[PDB]
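Undergrad: Turn this into a structure:
(chains A and B, ligands or ions: 14)
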There are 2 protein chains.
Amino acid sequence: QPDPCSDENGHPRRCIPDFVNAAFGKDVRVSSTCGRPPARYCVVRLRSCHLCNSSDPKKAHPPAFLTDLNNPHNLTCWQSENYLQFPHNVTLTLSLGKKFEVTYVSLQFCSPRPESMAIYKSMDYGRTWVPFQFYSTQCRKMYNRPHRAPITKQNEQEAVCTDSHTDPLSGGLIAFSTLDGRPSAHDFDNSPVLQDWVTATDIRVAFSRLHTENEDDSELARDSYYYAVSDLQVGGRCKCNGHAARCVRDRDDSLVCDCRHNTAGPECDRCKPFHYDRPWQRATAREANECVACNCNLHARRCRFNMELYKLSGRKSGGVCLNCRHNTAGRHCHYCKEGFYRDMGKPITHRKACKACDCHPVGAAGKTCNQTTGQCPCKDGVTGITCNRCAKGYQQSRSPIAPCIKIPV
Amino acid sequence: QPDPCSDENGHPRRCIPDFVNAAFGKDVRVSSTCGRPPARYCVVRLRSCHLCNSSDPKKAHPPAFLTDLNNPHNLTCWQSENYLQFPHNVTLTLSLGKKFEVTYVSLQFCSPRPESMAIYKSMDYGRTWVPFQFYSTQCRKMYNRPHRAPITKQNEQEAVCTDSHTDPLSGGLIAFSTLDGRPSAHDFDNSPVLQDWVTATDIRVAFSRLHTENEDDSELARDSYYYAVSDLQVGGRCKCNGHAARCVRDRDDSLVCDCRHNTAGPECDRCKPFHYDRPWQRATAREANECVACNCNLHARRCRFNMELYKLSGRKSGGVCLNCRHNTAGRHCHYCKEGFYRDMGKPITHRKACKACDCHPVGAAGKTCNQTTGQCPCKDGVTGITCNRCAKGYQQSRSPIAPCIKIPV
Ligand SMILES: *[C@@H]1O[C@H](CO[C@@H]2O[C@@H](C)[C@@H](O)[C@@H](O)[C@@H]2O)[C@@H](O[C@@H]2O[C@H](CO)[C@@H](O)[C@H](O)[C@H]2NC(C)=O)[C@H](O)[C@H]1NC(C)=O
Ligand SMILES: *[C@@H]1O[C@H](CO[C@@H]2O[C@@H](C)[C@@H](O)[C@@H](O)[C@@H]2O)[C@@H](O[C@@H]2O[C@H](CO)[C@@H](O)[C@H](O)[C@H]2NC(C)=O)[C@H](O)[C@H]1NC(C)=O
Ligand SMILES: *[C@@H]1O[C@H](CO)[C@@H](O[C@@H]2O[C@H](CO)[C@@H](O)[C@H](O)[C@H]2NC(C)=O)[C@H](O)[C@H]1NC(C)=O
Ligand SMILES: *[C@@H]1O[C@H](CO)[C@@H](O[C@@H]2O[C@H](CO)[C@@H](O)[C@H](O)[C@H]2NC(C)=O)[C@H](O)[C@H]1NC(C)=O
Ligand SMILES: *[C@@H]1O[C@H](CO)[C@@H](O)[C@H](O)[C@H]1NC(C)=O
Ligand SMILES: *[C@@H]1O[C@H](CO)[C@@H](O)[C@H](O)[C@H]1NC(C)=O
Ligand SMILES: [Sm+3]
Ligand SMILES: [Sm+3]
Ligand SMILES: [Sm+3]
Ligand SMILES: [Sm+3]
Ligand SMILES: [Sm+3]
Ligand SMILES: [Sm+3]
Ligand SMILES: [Sm+3]
Ligand SMILES: [Sm+3]
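TA: Numbers count the residues shown, from 1 in each chain, chains lettered A, B, ... in the order given. Ligands and ions are numbered 1, 2, ... in the order given. Structure data below:
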């Protein structure tokens, strides 16, 4: 069970959390639940009505039932409140509290499937919602949607209406594939819009009309106007952009990717401090697109990225250093500032590879060193890096203006 | 009659003024002169006394007579006042008002030569005097001097006493050679002390006892106790140290060498402004020892000499420049100061052969040029003297930190 982000040889490798039913176990918020106050429900010569009493445990159908274990034997099932009018839309809302890549959303009913329902998603933690899938026989009437609309390479963030659900009365499932039907699911791994389509922080499914005049017209309701669902599932992985092997509870229970590849953020959607030599790209299966640290030769704490710099190279590197501290300067603090010179004995990384100009006042003709070698501008007859000694064939005078005069012969 | 200081080829040549009788024509100052009031003088069986009357022109003997033309015929002669006691010293003082190199001092008497006289000189324009020559029979008694003292190579600034004058009564000369007798007159041209010995700004000759008991003891005087001199001469040249062809009247009649060889002063005893590359030596017959101008490549008005500098070379040059003005510096203002660089197009002498560092702010890694070539410290990929253009194989970025990034291939 090795590190999935760490390739063999300690290298980077794209990594994504286990695929899960994110709904499982989690508490779902339903607009209507039978049992409060207790009331009998007929179950349709099929009329065998039983009691839904919320208090009475063995005869209750709470929303908890929606998500717990479902085995055909001793199966368990939530049930909406009864005698629904027509205008109704009964809603189940699920809040993951983290961005997810959802592959499917599936419900299994104990009641007959709705004639109209609609799946929604929140990308924004519950403030606004988006059409995900529509199900109805009368598409244009109920949801104002073309029936079985086509999905071009454009307009493939389209939430379609379909009669697929209409096929049953004793129960049965209706499941929604997010990727199915889209043209660009060939290579989702590098699809910018399908990677956005399959993202949700909350999920909401809203039944809006039941499967019913022959007896008595179309108006008032009866014991059998209710919905029941046994198992809700949203299948998908935690949204980590491939830079994390799992999600996990942060400080203060805000579930978040355990980020890797020198990425940070809740979705690993960015690079980690001082790791800005390369732009944050989402990890594909080909290149793990980790965040490589800029290089400052140990003379800068902070760092910055320039995209031109990246583009101007072979898309190799674009990092930049800030306030080079040890009398260094340059993009990478690579060279020694004016007024100093590269101490060649120390290595550039060393705190003190930049040494100062204690050049000779009389000897040298200037104050500033060569910024590599240290050589000061020697007066005509003086030699040395400091210009602190007369060339051979010259004699030291007491004069500051000119020491080291020519001996002739 | 060409320039004697200017050798053929316009070169330097030692030059000295015409040799002269400096006393000639000049007014002499005598302590005693007969004629005021008129009195008869006996001239010694020789007693043929005539009249000295200062007013009476044809019978006067003023000091003017001492120096004017002297031809044996119609000769002319000054005469001291008469009836001199013994203590007397009668003095003739001559003031040249300029330093001279005197070869001889000669007097010709109409009276009998003194038994004691003494020649003196002033080197200091009349304040103090120095023994030059002594003449007496009683040397130790009169002048307190050894008779015919010898003249070593040392102690050859000695003023000797001699009986040379004693050999006559009707007249006759007594002349004094300054150089005669000295050992170092072989090469006076390069003798430091004989060149000093023969120097005088004033000359004074003092008769102190006459050439007389057989008749009447030794006490009171008679008509014939007087001195008379016909021609006084001091022979010599104007003291120019060989750097001037003649002396001549300055502003305000202060006679002075017309100095040459880039020398100045009254005696040409020094070098002329900004001509201090070589110490002032007196011109010998071998080397004219002119004053060579120091070199400042036209960037300094003033200049100075260092003797160490001269000694440190092959006694070649020792000049130094002051406040190099055109952003130059150095002994000769030879190089360009820091913050500038030698404009190689102009010649060093040009006002503007020092050009400034308008180096590139982004391109170059420093503010200061090479002080010869101008090259600034180029950042890694930039080329140019200003570092104002990217090297080939590099692409200009908008970044100040690093423009001119590597194109790879
Ligand atoms: C069911 O849904 C829509 C609205 O969706 C939600 O309904 C509730 C379950 C609750 O979640 C609300 O916050 C949502 O608005 C119903 O009709 C719409 O709701 C607005 C309420 O602001 C109402 O004014 C309009 O009739 C509708 N607005 C828009 C923009 O369409 C409706 O009852 C059901 N929908 C269908 C298609 O039957
Ligand atoms: C003649 O000379 C000396 C002094 O020389 C000068 O005498 C005058 C002509 C006048 O020029 C003075 O200014 C000079 O001093 C006579 O004796 C000396 O003179 C000083 C006077 O200050 C006197 O006190 C001393 O006797 C002498 N001083 C010294 C230092 O010797 C003297 O009359 C004559 N000399 C001889 C040798 O006979
Ligand atoms: C430091 O010295 C270097 C090396 O001399 C300077 O750059 C060189 O100048 C020579 C001059 O002959 C050229 O031949 C080289 O091509 C240059 N090499 C480079 C620019 O890498 C440089 O200008 C000096 N810099 C400082 C700050 O003194
Ligand atoms: C100006 O540049 C010169 C020439 O590069 C510097 O002196 C030379 O440095 C090189 C380095 O490779 C040596 O090989 C030469 O021997 C040096 N020549 C000299 C000293 O004459 C000099 O230090 C620089 N001066 C300034 C003011 O920038
Ligand atoms: C529902 O069950 C609770 C708990 O036993 C009880 O209080 C209530 O009476 C029941 N209601 C009916 C209608 O049986
Ligand atoms: C000297 O000459 C002047 C001018 O002739 C005269 O005044 C004076 O009397 C003369 N003295 C004697 C003593 O002859
Ligand atoms: Sm590998
Ligand atoms: Sm696993
Ligand atoms: Sm269940
Ligand atoms: Sm009926
Ligand atoms: Sm010649
Ligand atoms: Sm001549
Ligand atoms: Sm005469
Ligand atoms: Sm007698």
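
Undergrad: Tell me which residues touch the nearest residue to residue A:329 once chain neighbours are set aside, please.
TA: Of all residues not flanking residue A:329 in the chain, residue A:337 sits nearest, at 4.7 Å (Cβ to Cβ, 6 or more residues apart in numbering or on different chains). For every residue, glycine as well, the C-beta is placed using N, CA and C. Shown in contact with residue A:337 (Cβ atoms under 8 Å, 6 or more residues apart in numbering or on different chains): A:324, A:327-329, A:354, A:371.

Undergrad: same thing but at 7 Å, please
TA: Each residue near residue A:337 by Cβ atoms under 7 Å, 6 or more residues apart in numbering or on different chains is listed here: A:327-329, A:354.

Undergrad: and chain A, which residues reach ligand 5?
TA: Within chain A, the positions adjacent to ligand 5 are A:38, A:53, A:55-56 by Cβ under 6 Å from any ligand atom.

Undergrad: Inside helices: which ones of the contacts of residue A:337?
TA: Here DSSP state H is the test, and those give no hits in helices at all.

Undergrad: and those residues, which of them are in strands?
TA: A:328-329, A:354 (DSSP state E).

Undergrad: nearest to ligand 2, of the residues you listed?
TA: When these are compared for distance to ligand 2 (Cβ to the nearest ligand atom), residue A:354 wins out at 80.7 Å.

Undergrad: does that closest one really touch residue A:329, like I thought?
TA: No. Under the criterion of Cβ atoms under 7 Å, residue A:354 makes no contact with residue A:329, lying 9.3 Å away.

Undergrad: How many neighbouring residues does whichever residue of the stretch 151-300 of chain A sits closest to ligand 10 have?
TA: Closest to ligand 10 within the stretch 151-300 of chain A is residue A:215: 2.9 Å, counting by Cβ to the ion. By the criterion of other Cβ atoms under 10 Å in any protein chain shown, residue A:215 has 6 neighbours.

Undergrad: contacting residues around the residue of the stretch 101-250 of chain A found nearest ligand 13?
TA: Shortest the stretch 101-250 of chain A-to-ligand 13 distance, computed as Cβ to the ion: residue-wise this is residue A:243, at 129.6 Å. Going by Cβ under 7 Å, 6+ apart, residue A:243 touches A:259-261, A:263, A:268, A:283.

Undergrad: Tell me the gap between the lengthiest helix in chain A and the middle of its chain.
TA: For chain A, the helix reaching the highest residue count under DSSP H is reported as helix A:307-312. Its chain's average C-alpha position is 25 Å from that of helix A:307-312, according to Cα atoms, centre = their mean, to the nearest Å.

Undergrad: Spell out the residue ranges of the strands in the stretch 201-350 of chain A.
TA: A:228-238, A:244-249, A:255-259, A:263-264, A:270-271, A:303-305, A:319-321, A:328-329, A:335-336, A:340-342 (DSSP state E, counting those that start in this stretch).

Undergrad: count of neighbours near the residue in the stretch 51-200 of chain A positioned nearest to ligand 14?
TA: Residue of the stretch 51-200 of chain A nearest ligand 14, by Cβ to the ion: residue A:192 (157.9 Å). By the criterion of other Cβ under 10 Å, residue A:192 has 8 neighbours.

Undergrad: do the same with residue A:79
TA: 24.

Undergrad: need the contact list for the nearest residue to it once chain neighbours are set aside.
TA: Nearest residue to residue A:79, sequence neighbours excluded (Cβ to Cβ, 6+ apart): residue A:61, at 3.6 Å. Counting by Cβ under 7 Å, 6+ apart, residue A:61 makes contact with A:34-35, A:52, A:77-79, A:228.

Undergrad: Mind doing that once more with 10 Å?
TA: Shown in contact with residue A:61 (Cβ atoms under 10 Å, 6 or more residues apart in numbering or on different chains): A:33-35, A:41, A:52-54, A:76-80, A:110, A:226, A:228-230.

Undergrad: From those residues, which land in strands?
TA: The strands, defined by DSSP E, take in A:41, A:52, A:78-79, A:228-230 from the contacts of residue A:61.

Undergrad: how far away is the closest residue to ligand 2 within chain A from residue A:245?
TA: Nearest residue of chain A to ligand 2 (Cβ to the nearest ligand atom) works out as residue A:398 at 47.5 Å. Here the criterion is Cβ to Cβ, to the nearest Å. By it, residue A:398 lies 77 Å from residue A:245.

Undergrad: Of the two, give the one with the bigger neighbour count.
TA: For residue A:398 and residue A:245, the more surrounded residue by other Cβ under 10 Å is residue A:245, and the numbers stand at 21 against 10.

Undergrad: shared neighbours, residue A:354 and residue A:329?
TA: The contact sets of residue A:354 and residue A:329 overlap at A:299, A:335-337, A:340, A:371 (Cβ under 10 Å, 6+ apart).
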